């Protein structure tokens, strides 16, 4: 049994015996978190802390509430502004005043905030048929993936005394810069996890936003996002430094993808795609497109997982499976400290 096989495997080790206090030494695992912007790397970092360490306590969550406000405000403003650039009128003409009031209020504030007035303005905008029609064309502009999440719970978020939930925090988009290092312990392995905006890397976890298949890059409107992370995977996966590195592929945002794929065709990303436009076929196709980039197949297996990184239980399940792979394949290259 897959987990037993890992337990057996680790029990074959004898290097702890070479240390005076071998049995309480720390077995160290260096893990690199890679992927395009907004692919989910920071979200996975949060999930490690939630799952393996303290968590995100309530006072920690309160620190994020203006971030939630800011995310919500950015989201609605992006949709309203797109309406203009895409020539979508408001379903109810009275909403043009709310749109203005949105800019008046955001225009005079210093950071993310929420008042009854502003909640009222945004909830009326979000309920409008025209705004909804613009929302449903978001692949044509740039919009936070959490737009719907926050805006549908606007009422809860608007409450005075609102206290951000874990899911609220997980759903935030926080501007990360440079390299973030996080430490946690799981199955007696001491993970050092690096999120890059390396030598002796035990494992790489490469994140892909599946839901990007119909989106265009932020910098350049004429540049398919999925293709960019492919070009990046290619480079990473076949990199000489990583031959003995377990390469794990998180095909992430599977929940957004499952919703997109119904009404938006894969052919946008891969024009040659000739399979049915269903979750099953299009997901598989994407997986095959990436895994096929592995130029040294005979001697390098890629471990692919379909994840929803904001879903704590899914990440725990997945990271558990990823950990048995490291324990079965890389343990001999992991030092004791």
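Residue numbers count along the first chain shown, from 1.
Undergrad: Unmodelled residues of the deposited sequence between residue 197 and residue 198: none, 1 to 3, 4 to 9, or 10 or more?
TA: In the deposited sequence, 10 or more residues between these two have no coordinates.
Undergrad: Which has higher Cα B-factors on average according to the PDB entry: 252-260 or 236-244?
TA: According to the PDB entry, the answer is 236-244.
Undergrad: Select between 285-293 and 55-63 the stretch whose C-alpha atoms have the higher average B-factor in the entry.
TA: Comparing averages over the C-alpha atoms only gives 55-63.
Undergrad: If you compare 300, 46, 30, 305, which has the highest Cα B-factor in the entry?
TA: Each of 300, 46, 30, 305 was compared by C-alpha B-factor; the highest is 300.
Undergrad: Looking at the C-alpha B-factor values in the deposited entry, which of 211, 74, 136, 172 comes out highest?
TA: 136 has the highest C-alpha B-factor of those listed.
Undergrad: Against its chain's modelled residues, does residue 90's Cα B factor rank lowest, middle or highest third?
TA: For residue 90, the deposited C-alpha B-factor lands in the highest third.
Undergrad: Based on the deposited C-alpha B factors for this chain, I'd like to know if residue 112 is in the lowest, middle or highest third.
TA: Answer is lowest: the recorded C-alpha B-factor places it there.
Undergrad: Taking the entry's C-alpha B-factors for this chain, is residue 231 in the lowest, middle or highest third?
TA: CA B-factor rank for residue 231: highest third.
Undergrad: According to the PDB entry, is the CA B factor of residue 118 in the bottom, middle or top third of its chain, that is, lowest, middle or highest?
TA: Bottom third by C-alpha B-factor.
Undergrad: Residue 311: which third of its chain by C-alpha temperature factor?
TA: It falls in the bottom third of the chain.
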